[PDB]
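A.B. asks: Note that the deposited numbering has the sequence shown beginning at 156, numbered continuously upward.
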Amino acid sequence: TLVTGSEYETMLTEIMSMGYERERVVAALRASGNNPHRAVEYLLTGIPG
């Protein structure tokens, strides 16, 4: 499954409704390969490492 550009932006907007800045959410989505479960996990408790 590949999300579209529009779906990526709406995902980013939704995660930003928790208060995170755009660049941080972009970085988390990159680290998680656009899996929102892992992206939010990484915003909450850290990226792998």
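Positions of the beta carbon are idealized from the N, C-alpha and C atoms, including for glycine.
1. What ranges does the alpha helix (DSSP H) occupy inside the region 160-202, keeping only unbroken runs of at least 4 residues that lie completely in it?
2. Buried or exposed, going by whether 16 or more other CB atoms sit within 10 Å of the CB of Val180?
3. Within 10 angstroms of its Cβ, does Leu198 collect 16 or more other Cβ (buried), or is it exposed?
C.D. replies: On the basis of the supplied data:
1. 160-171, 177-186, 191-200
2. buried
3. buried
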